[PDB]
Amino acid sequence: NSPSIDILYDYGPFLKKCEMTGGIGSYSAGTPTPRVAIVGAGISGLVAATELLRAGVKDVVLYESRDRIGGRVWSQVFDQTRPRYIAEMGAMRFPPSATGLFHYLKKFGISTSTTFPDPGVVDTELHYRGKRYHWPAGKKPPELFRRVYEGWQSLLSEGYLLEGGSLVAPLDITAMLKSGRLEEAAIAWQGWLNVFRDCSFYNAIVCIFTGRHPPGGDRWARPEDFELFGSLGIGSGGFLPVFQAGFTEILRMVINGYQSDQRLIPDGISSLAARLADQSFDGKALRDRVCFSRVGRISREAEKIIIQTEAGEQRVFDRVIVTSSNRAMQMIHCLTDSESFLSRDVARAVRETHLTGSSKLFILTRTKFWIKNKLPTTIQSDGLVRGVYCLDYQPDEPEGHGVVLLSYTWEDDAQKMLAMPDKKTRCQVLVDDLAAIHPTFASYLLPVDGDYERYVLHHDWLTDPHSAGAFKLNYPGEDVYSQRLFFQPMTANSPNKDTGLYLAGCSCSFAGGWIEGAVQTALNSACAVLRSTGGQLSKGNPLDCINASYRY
């Protein structure tokens, strides 16, 4: 099994046992079920609705502000004539340790067999200060980057020597988790938290690798080695722009195996949303319970919940699950004006939780030019482009079309794309930036038929008003917000704290920016709805079985 470190609990076993036996809970026969509203038809909203319907709730409606279901899962098609070629605007890489996510992938038969082309997994080039460095598939990175590669590796496997007592190897904390040693894992993790809770990624690695006991034996040169590490990353490409994030946010990804064995979904991750939506309950598809209307203010009148809709219409429900951004929760739903729905502590979590910026631009090329020619499959660059990924969506047809994620950027690197919103203009600027160092590669970056309107697709998540940010990533000192947001639906365990409204979505999880977070929070919030309204939960449920007590 694979319990996550912050909760010491795996959703996989529970979901397996419940698939068999009638869902996450039930009501006695003849019981009138609550009218439930779910704000948002992303993965979290669809999963929650799914398990609520499976548990016996007759009336659930999902509100959606976009013209499509799926939210930050968005496998956009260039050309519906040729739907296999897709641009994954949002979620893209999927770790098998995300057992909550993988429960539903396995269920709907959405293949995760193929590995994702991460740097170091396929032929990779790192572009750094004008030079091209080669990183052969399945090999150690080029020699320049070796000190920092090995230093990070040694940190994962060796831990870190502090004088007042050392810290357990992340890879050992991972072994503990897989082997059911949960008290042991908890103590080891608290150890890290105590030391690095108020330290950024950059700050932490400075202390670790320039101090008295650097893992790997070599003490990192500053700033040179930190620039190198920033370009090399830790499995997902250059992490320079997230150097300001809490070091604990990085560690938990590693320990939870989210930087490991990433898979690609050739069918597109949108097929998870399609299949969830295609489920039929009581003769009616989930998709048909989606109301395409933006929700505004959410208010409380006695023991009931009032949803304002964009029509001006106003509908009342018994319980509501909210999966929109914490930004939407503050500014649109107005959930932070008072103590009507959330405590002051949780309201602070909602108001102050950090969402990243992120942008992507894709191009559909005539050919998969990188295969038969001399070229890298992936390029990680200190230039504008940042992360380049070449994608093969039909490996058995080597002469099919190419999909190139020409630029994938985070935070500042993405905030840069904000001027030049014209995708033609952005594309050519990016190609020209890449061409400064690898003109041979850039020469193939032309859209099919020279049509930039059709065969270039881009998106900035930060300025998307349906998202207001790409994904949550806590700064140092802010992990407690994840705790508060994750355990918010556990108010259903305490009728005096239970306002009938529960927060959900990966932004309210311990895994911001991972569909796993959406799934876990969906399960917690769906369970809360059942318990709050007199239903009984299946044994092993998260509301009773998560008892982790960390201090952040």
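The first residue of the sequence shown is number 1, and the count goes up from there.
In this entry, 445-453 shows the higher mean Cα temperature factor of the pair 237-245 and 445-453. A summary of the deposited B-factors shows that, of 13-21 and 539-547, the stretch with the larger mean C-alpha value is 13-21.
Set against one another, the Cα B-factors of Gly257, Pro476, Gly109, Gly100 in the record reach their highest point at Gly109.
Of the candidates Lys424, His459, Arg386, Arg319, it is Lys424 whose Cα B-factor is highest according to the PDB record. In this PDB entry, the Cα temperature factor of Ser65 sits in the middle third of its chain's modelled residues. When the modelled residues of the chain are ordered by their C-alpha B factor, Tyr85 lands in the highest third.
In the PDB entry, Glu125 places in the middle third of its chain by CA B-factor. In the deposited entry, the Cα temperature factor of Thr309 places it in the highest third of its chain's modelled residues. When all modelled residues of the chain are sorted by CA temperature factor, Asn524 is found within the middle third.
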